[PDB]
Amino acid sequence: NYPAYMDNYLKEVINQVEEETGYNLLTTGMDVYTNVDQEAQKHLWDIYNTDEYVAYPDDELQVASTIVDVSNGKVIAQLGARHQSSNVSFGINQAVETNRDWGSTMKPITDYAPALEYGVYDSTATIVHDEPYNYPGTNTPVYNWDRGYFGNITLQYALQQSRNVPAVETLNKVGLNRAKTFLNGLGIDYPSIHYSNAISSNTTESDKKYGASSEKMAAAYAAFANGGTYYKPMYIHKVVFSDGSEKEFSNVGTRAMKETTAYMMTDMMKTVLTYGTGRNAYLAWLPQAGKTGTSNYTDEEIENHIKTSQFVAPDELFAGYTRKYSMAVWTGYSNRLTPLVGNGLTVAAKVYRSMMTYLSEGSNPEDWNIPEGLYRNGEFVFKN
């Protein structure tokens, strides 16, 4: 016996216990104390499944996400699907799956953070370049989502407008090797990294250790929030054995980036919500910061499976965070060939706005404190 709104979460629980102890809570007796927040779950359950919180263009459009306690990697909510009934208790949880492309949300942790963290750029005001450009060593143009080019613009603006050209070039200056290393620090990895990975989590391999999932993303972005510490995602607190003994589960974060980098990424990302691309997930009273993301079709997919000449996309994402809870949201149809259009592309932000509202309607909305080693200067931030 267990509630349906806890299916996905309970599954992850069963696995973590097995991973650490080697025992299966299904074929062995024991009590387990997890990290879930029940009301948060029912709240999340209501958001997906009802029609009171957000306008789903239909009942098929799927949603999946993970909410993490930025201070310790504790997962306090996870829901892999919506309106998807067929009780097969403990099935595939789309919140831990890496089979989907997180697109643009990949920029902050793959190109820009490393850049700042390694000297490439020294200020959010640095002039980057959005001009015609091909993938390094190749003649394949890196096209901006709208086929246009902005010219010289600041780091911030390029991150806030989600321009591709300045992103893949940034990865070039950071170096793939250093970049892949920096990604590991945040819990993400690929069997092999390429320049396309500057704007896509699409990878040759497909274990689980490779790629990005609402789980991994929310834990990666939590490092910005918590100041630069990477916390392994945790679902279980403690497990008392039938024979009296207990096993307590402790997680110890690691320095993923300097505080400076974290603060800087956070400042550029606060602008994403304001005059940036993440406007639909903006809250005047809540000092949060995030990044919107979109993936794209192959070309064979465009010329053979896409009808409308509208703006389409197999995945819409959002990975926002506050001073307390980091949250990564994925949205798309079960079959990537069914596109997201018009009001369907907006669900990722709203779901995030909605949930994050609830999660912070009380608390005491706090802001970040510019760390020693930096100094403001109008819209931007500079290094000493």
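Residue numbers here begin at 1 and follow the sequence given.
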query: 78 to 86 or 215 to 223, whichever carries the higher mean Cα B-factor; finding: 78 to 86
query: Of 54 to 62 and 312 to 320, the stretch whose C-alpha atoms average the higher B-factor in the entry; finding: 54 to 62
query: From 188, 142, 264, 252, residue of greatest CA B-factor; finding: 252
query: Candidate set 132, 175, 114, 278 [ranked by C-alpha B-factor, highest]; finding: 278
query: Residue 303 - Cα temperature factor, lowest/middle/highest third of chain; finding: middle
query: Residue 209 by Cα B-factor - lowest, middle or highest third of the modelled chain; finding: highest
query: Residue 35 - which third its CA temperature factor falls in, relative to the rest of the chain; finding: lowest
query: Within-chain third of residue 49 by Cα B-factor, per the entry; finding: highest
query: Cα B factor band for residue 238 (lowest, middle or highest third within the chain); finding: highest
